[PDB]
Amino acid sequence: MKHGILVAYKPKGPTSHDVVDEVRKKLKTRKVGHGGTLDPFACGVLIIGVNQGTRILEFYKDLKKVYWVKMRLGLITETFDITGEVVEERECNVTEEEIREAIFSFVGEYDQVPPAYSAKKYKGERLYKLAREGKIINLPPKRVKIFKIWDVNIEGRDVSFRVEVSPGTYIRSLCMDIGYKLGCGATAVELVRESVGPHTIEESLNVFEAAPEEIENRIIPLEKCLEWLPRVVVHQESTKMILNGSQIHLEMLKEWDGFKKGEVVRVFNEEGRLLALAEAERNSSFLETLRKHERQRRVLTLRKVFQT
(Lines of atoms letter the chains of each structure in order from A and count residues from 1; the text may use other names and numbers.)
(Lines give C-alpha, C1' and ligand atoms only; values in the text may rest on other atoms or scores of the structure.)
Protein backbone atom coordinates (compact mmCIF):
# COMPACT_ATOMS: atom_id res chain seq x y z
CA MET A 1 0.00 0.00 0.00
CA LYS A 2 1.50 3.29 -1.13
CA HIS A 3 1.01 6.48 0.90
CA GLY A 4 1.73 9.95 -0.47
CA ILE A 5 0.96 12.96 -2.65
CA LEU A 6 0.27 12.83 -6.39
CA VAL A 7 0.76 15.84 -8.63
CA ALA A 8 -2.13 15.61 -11.07
CA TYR A 9 -3.06 17.75 -14.05
CA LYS A 10 -6.73 18.60 -14.49
CA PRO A 11 -7.72 19.15 -18.12
CA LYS A 12 -10.15 21.92 -18.98
CA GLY A 13 -13.65 20.48 -18.76
CA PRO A 14 -13.89 17.90 -15.91
CA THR A 15 -14.30 18.79 -12.23
CA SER A 16 -11.81 18.17 -9.43
CA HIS A 17 -14.00 15.37 -8.11
CA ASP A 18 -13.79 13.74 -11.51
CA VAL A 19 -10.00 13.61 -11.10
CA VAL A 20 -10.29 12.05 -7.68
CA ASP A 21 -12.74 9.52 -9.09
CA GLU A 22 -10.39 8.59 -11.95
CA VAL A 23 -7.42 8.08 -9.64
CA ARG A 24 -9.59 6.14 -7.25
CA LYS A 25 -10.80 3.97 -10.12
CA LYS A 26 -7.36 3.02 -11.40
CA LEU A 27 -5.51 2.60 -8.08
CA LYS A 28 -8.20 0.42 -6.48
CA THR A 29 -6.95 1.60 -3.07
CA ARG A 30 -8.78 2.51 0.11
CA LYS A 31 -8.52 6.27 0.29
CA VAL A 32 -8.08 9.10 -2.18
CA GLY A 33 -8.51 12.81 -1.63
CA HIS A 34 -7.78 16.29 -2.98
CA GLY A 35 -6.79 19.69 -1.70
CA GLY A 36 -7.60 23.04 -3.21
CA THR A 37 -10.19 22.75 -5.93
CA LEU A 38 -9.91 23.86 -9.54
CA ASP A 39 -12.93 25.11 -11.47
CA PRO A 40 -14.08 23.02 -14.43
CA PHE A 41 -13.15 25.71 -16.96
CA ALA A 42 -9.59 26.00 -15.64
CA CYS A 43 -6.72 23.53 -15.97
CA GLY A 44 -3.54 22.85 -14.04
CA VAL A 45 -2.08 21.49 -10.84
CA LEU A 46 -4.32 19.56 -8.46
CA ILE A 47 -2.82 17.91 -5.36
CA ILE A 48 -4.08 14.35 -4.77
CA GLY A 49 -3.72 12.55 -1.46
CA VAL A 50 -3.48 8.75 -1.36
CA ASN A 51 -4.35 6.71 1.76
CA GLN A 52 -2.32 7.97 4.75
CA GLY A 53 -1.10 10.71 2.42
CA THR A 54 -4.53 12.31 2.70
CA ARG A 55 -3.76 13.10 6.35
CA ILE A 56 -1.36 15.83 5.25
CA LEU A 57 -3.43 17.53 2.58
CA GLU A 58 -4.15 20.47 4.84
CA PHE A 59 -0.49 21.48 4.57
CA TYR A 60 -0.74 21.59 0.77
CA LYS A 61 -3.89 23.69 0.84
CA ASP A 62 -1.92 26.26 2.83
CA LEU A 63 0.75 26.60 0.19
CA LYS A 64 0.63 29.54 -2.21
CA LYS A 65 -0.81 29.17 -5.71
CA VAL A 66 0.39 30.59 -9.02
CA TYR A 67 -2.03 31.10 -11.92
CA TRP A 68 -1.73 32.40 -15.48
CA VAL A 69 -4.98 34.13 -16.51
CA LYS A 70 -6.48 35.74 -19.58
CA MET A 71 -9.35 38.20 -19.22
CA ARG A 72 -11.59 39.91 -21.79
CA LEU A 73 -12.20 43.61 -21.10
CA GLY A 74 -15.70 45.00 -21.59
CA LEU A 75 -17.41 41.65 -20.99
CA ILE A 76 -19.41 40.60 -17.93
CA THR A 77 -20.92 37.16 -17.43
CA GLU A 78 -22.94 35.67 -14.61
CA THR A 79 -20.04 33.58 -13.26
CA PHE A 80 -17.32 35.98 -14.38
CA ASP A 81 -15.87 33.51 -16.90
CA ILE A 82 -16.60 32.52 -20.51
CA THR A 83 -18.64 29.50 -19.41
CA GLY A 84 -20.92 32.06 -17.80
CA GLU A 85 -24.05 33.52 -19.39
CA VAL A 86 -23.26 36.91 -20.89
CA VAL A 87 -25.18 39.41 -18.78
CA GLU A 88 -23.68 42.67 -19.96
CA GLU A 89 -21.17 44.07 -22.42
CA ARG A 90 -19.93 47.63 -21.99
CA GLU A 91 -17.37 49.54 -24.04
CA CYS A 92 -13.67 49.77 -23.14
CA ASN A 93 -11.14 52.16 -24.58
CA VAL A 94 -8.40 52.59 -22.02
CA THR A 95 -4.65 52.89 -22.63
CA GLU A 96 -2.06 50.23 -21.88
CA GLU A 97 -0.78 52.50 -19.14
CA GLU A 98 -4.25 52.69 -17.63
CA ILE A 99 -4.53 48.91 -17.71
CA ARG A 100 -1.12 48.15 -16.22
CA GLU A 101 -1.73 50.79 -13.58
CA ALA A 102 -4.98 49.02 -12.65
CA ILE A 103 -3.46 45.52 -12.68
CA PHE A 104 -0.44 46.18 -10.46
CA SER A 105 -2.72 48.15 -8.17
CA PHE A 106 -4.00 44.98 -6.57
CA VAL A 107 -0.69 43.72 -5.19
CA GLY A 108 -1.19 43.43 -1.42
CA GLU A 109 -4.50 42.45 0.16
CA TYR A 110 -8.05 43.61 -0.29
CA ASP A 111 -11.06 41.58 0.91
CA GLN A 112 -12.91 40.19 -2.13
CA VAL A 113 -16.26 38.47 -2.51
CA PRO A 114 -17.44 35.54 -4.56
CA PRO A 115 -18.44 36.15 -8.19
CA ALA A 116 -22.05 37.41 -8.20
CA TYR A 117 -23.56 40.06 -10.57
CA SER A 118 -26.98 39.33 -12.07
CA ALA A 119 -29.09 40.83 -14.84
CA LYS A 120 -32.08 41.39 -12.51
CA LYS A 121 -33.23 44.58 -10.82
CA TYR A 122 -31.18 45.45 -7.75
CA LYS A 123 -28.75 42.60 -8.45
CA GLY A 124 -26.29 43.88 -11.01
CA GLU A 125 -23.97 46.72 -10.10
CA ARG A 126 -25.10 48.33 -6.87
CA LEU A 127 -25.34 44.84 -5.35
CA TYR A 128 -21.75 44.05 -6.32
CA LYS A 129 -20.79 47.48 -5.00
CA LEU A 130 -22.47 46.92 -1.64
CA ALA A 131 -21.15 43.39 -1.27
CA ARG A 132 -17.63 44.66 -1.99
CA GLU A 133 -18.09 47.28 0.74
CA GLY A 134 -18.92 44.44 3.13
CA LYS A 135 -22.50 45.69 3.47
CA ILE A 136 -24.29 42.54 2.24
CA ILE A 137 -24.60 39.96 5.04
CA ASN A 138 -24.99 36.83 2.90
CA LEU A 139 -21.82 37.72 0.98
CA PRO A 140 -19.09 38.27 3.59
CA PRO A 141 -15.89 39.61 2.08
CA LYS A 142 -12.67 37.64 2.62
CA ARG A 143 -9.16 39.08 3.17
CA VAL A 144 -6.86 37.78 0.40
CA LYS A 145 -3.20 38.37 -0.54
CA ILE A 146 -1.98 39.17 -4.03
CA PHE A 147 1.75 38.59 -3.50
CA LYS A 148 3.02 39.51 -6.96
CA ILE A 149 1.87 40.01 -10.52
CA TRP A 150 4.18 39.74 -13.52
CA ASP A 151 4.35 38.80 -17.20
CA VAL A 152 1.56 41.16 -18.20
CA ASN A 153 0.62 41.17 -21.85
CA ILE A 154 -1.93 43.51 -23.41
CA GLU A 155 -3.17 42.36 -26.82
CA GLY A 156 -6.28 44.31 -27.77
CA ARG A 157 -9.28 43.76 -25.51
CA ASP A 158 -7.62 40.65 -24.07
CA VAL A 159 -4.90 40.83 -21.43
CA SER A 160 -2.99 38.10 -19.62
CA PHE A 161 -0.60 37.86 -16.67
CA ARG A 162 0.61 35.65 -13.81
CA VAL A 163 -0.29 36.03 -10.13
CA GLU A 164 0.95 34.46 -6.89
CA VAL A 165 -1.94 34.46 -4.49
CA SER A 166 -2.91 33.09 -1.09
CA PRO A 167 -5.32 30.15 -0.93
CA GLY A 168 -9.02 30.89 -0.94
CA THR A 169 -8.69 33.66 -3.52
CA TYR A 170 -10.96 33.66 -6.59
CA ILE A 171 -9.08 34.53 -9.78
CA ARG A 172 -12.39 35.28 -11.49
CA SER A 173 -13.06 37.88 -8.79
CA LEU A 174 -9.63 39.52 -9.24
CA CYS A 175 -10.32 40.10 -12.93
CA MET A 176 -13.76 41.60 -12.38
CA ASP A 177 -12.34 43.92 -9.70
CA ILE A 178 -9.65 45.01 -12.15
CA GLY A 179 -12.36 45.38 -14.76
CA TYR A 180 -14.31 47.80 -12.60
CA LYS A 181 -11.20 49.76 -11.76
CA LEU A 182 -10.89 50.41 -15.50
CA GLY A 183 -14.64 50.96 -15.56
CA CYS A 184 -15.85 48.45 -18.11
CA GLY A 185 -15.87 45.05 -16.42
CA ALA A 186 -13.77 42.01 -17.32
CA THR A 187 -14.26 38.26 -17.59
CA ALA A 188 -11.85 35.33 -17.25
CA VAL A 189 -11.55 33.51 -20.55
CA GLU A 190 -8.64 31.26 -19.73
CA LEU A 191 -7.13 30.02 -16.50
CA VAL A 192 -4.20 27.76 -15.77
CA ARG A 193 -2.81 26.93 -12.34
CA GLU A 194 0.89 26.62 -13.04
CA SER A 195 1.89 25.74 -9.47
CA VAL A 196 0.96 24.87 -5.90
CA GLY A 197 3.85 25.38 -3.53
CA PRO A 198 6.91 23.83 -5.16
CA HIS A 199 4.78 21.47 -7.24
CA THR A 200 4.67 22.60 -10.89
CA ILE A 201 2.44 21.85 -13.87
CA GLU A 202 5.45 20.64 -15.87
CA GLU A 203 5.77 18.08 -13.10
CA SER A 204 2.07 17.16 -13.15
CA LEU A 205 0.51 14.05 -14.67
CA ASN A 206 -2.77 13.54 -16.55
CA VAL A 207 -4.37 10.67 -14.66
CA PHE A 208 -7.07 10.39 -17.31
CA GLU A 209 -4.53 9.34 -19.92
CA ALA A 210 -2.22 7.48 -17.54
CA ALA A 211 -1.93 3.75 -16.99
CA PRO A 212 -2.37 2.46 -13.44
CA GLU A 213 1.32 1.59 -13.12
CA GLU A 214 2.19 5.09 -14.26
CA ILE A 215 -0.03 6.75 -11.64
CA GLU A 216 1.07 4.50 -8.76
CA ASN A 217 4.72 4.68 -9.74
CA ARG A 218 4.30 8.43 -9.65
CA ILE A 219 3.17 9.08 -6.06
CA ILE A 220 5.51 10.96 -3.77
CA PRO A 221 6.00 8.76 -0.68
CA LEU A 222 5.43 10.34 2.75
CA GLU A 223 9.21 10.38 3.36
CA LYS A 224 9.50 12.93 0.52
CA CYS A 225 6.42 15.01 1.28
CA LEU A 226 6.45 18.33 3.08
CA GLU A 227 9.99 18.95 1.90
CA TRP A 228 10.10 22.31 3.77
CA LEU A 229 9.49 22.12 7.55
CA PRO A 230 12.37 21.13 9.88
CA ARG A 231 13.25 17.46 10.22
CA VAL A 232 14.58 15.85 13.39
CA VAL A 233 15.71 12.22 13.54
CA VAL A 234 15.33 9.94 16.57
CA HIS A 235 17.44 6.90 17.41
CA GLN A 236 16.15 3.80 15.55
CA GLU A 237 15.41 2.05 18.82
CA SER A 238 12.62 4.56 19.57
CA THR A 239 10.70 3.66 16.43
CA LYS A 240 8.17 1.35 18.05
CA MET A 241 7.19 3.42 21.07
CA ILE A 242 6.74 6.45 18.82
CA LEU A 243 4.53 4.59 16.34
CA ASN A 244 2.28 3.97 19.34
CA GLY A 245 1.67 6.86 21.73
CA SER A 246 4.73 8.26 23.49
CA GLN A 247 5.90 11.85 23.14
CA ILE A 248 9.45 12.64 22.12
CA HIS A 249 12.00 13.64 24.81
CA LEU A 250 15.52 15.12 24.66
CA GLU A 251 17.44 11.89 25.09
CA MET A 252 15.38 10.30 22.30
CA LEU A 253 16.60 12.76 19.65
CA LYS A 254 19.72 12.23 17.59
CA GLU A 255 19.68 15.03 14.99
CA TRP A 256 18.12 18.52 14.87
CA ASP A 257 17.46 20.81 11.99
CA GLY A 258 16.64 23.99 13.87
CA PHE A 259 13.18 25.03 14.92
CA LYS A 260 11.16 27.54 16.92
CA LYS A 261 8.49 26.87 19.55
CA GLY A 262 5.03 26.24 18.09
CA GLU A 263 6.63 25.17 14.78
CA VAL A 264 5.81 21.75 13.28
CA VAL A 265 8.58 19.24 12.47
CA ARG A 266 8.95 15.93 10.64
CA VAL A 267 10.03 13.00 12.80
CA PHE A 268 12.32 10.53 11.01
CA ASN A 269 14.14 7.44 12.29
CA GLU A 270 17.68 6.39 11.40
CA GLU A 271 16.40 4.16 8.63
CA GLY A 272 14.88 7.16 6.88
CA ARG A 273 11.25 6.39 7.66
CA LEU A 274 8.77 9.18 8.47
CA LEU A 275 7.31 8.27 11.85
CA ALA A 276 5.21 11.32 12.62
CA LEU A 277 4.62 15.06 12.67
CA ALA A 278 4.98 16.94 15.94
CA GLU A 279 4.99 20.43 17.44
CA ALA A 280 8.04 21.83 19.23
CA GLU A 281 7.49 22.38 22.93
CA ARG A 282 10.85 23.98 23.30
CA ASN A 283 12.96 26.18 21.11
CA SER A 284 15.92 24.31 19.69
CA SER A 285 18.78 26.46 20.79
CA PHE A 286 17.47 25.73 24.28
CA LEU A 287 18.15 22.02 23.87
CA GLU A 288 21.79 22.48 24.85
CA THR A 289 20.51 23.95 28.08
CA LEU A 290 18.17 20.99 28.75
CA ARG A 291 21.25 18.89 28.31
CA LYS A 292 24.06 20.24 30.58
CA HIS A 293 21.27 19.75 33.10
CA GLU A 294 20.14 16.21 33.88
CA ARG A 295 16.73 17.53 32.71
CA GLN A 296 15.22 15.44 30.00
CA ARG A 297 11.78 16.76 29.38
CA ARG A 298 9.45 16.56 26.42
CA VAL A 299 10.79 18.38 23.36
CA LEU A 300 8.23 17.53 20.68
CA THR A 301 4.50 16.82 21.08
CA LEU A 302 3.03 14.20 18.77
CA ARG A 303 0.63 15.64 16.21
CA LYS A 304 0.13 12.85 13.61
CA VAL A 305 1.59 9.32 13.79
CA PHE A 306 1.99 7.42 10.55
CA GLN A 307 1.12 3.89 11.66
CA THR A 308 1.49 2.55 8.11
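Numbers for residues come from their place in the sequence shown, where the first is 1.
In this entry, 65-73 has the higher mean Cα B-factor, the comparison being between 65-73 and 28-36. Relative to one another, 99-107 and 161-169 have unequal mean CA B-factors, and 99-107 is the one with the higher figure. Looking at 190, 202, 155, 223, the one whose CA carries the top B-factor in the deposited record is 155. Annotation for 151, 194, 237, 78: 78 ranks highest, by Cα B-factor.
Residue 251: CA B factor lies in the lowest third for its chain, per the PDB record. Sort the modelled residues of the chain by CA B factor and residue 19 lands in the lowest third.
Per the PDB record, residue ranking by Cα B-factor puts residue 272 in the middle third of the chain. When the modelled residues of the chain are ordered by their C-alpha B factor, residue 244 lands in the middle third. Sorting the modelled residues of the chain by their CA temperature factor places residue 218 in the lowest third.
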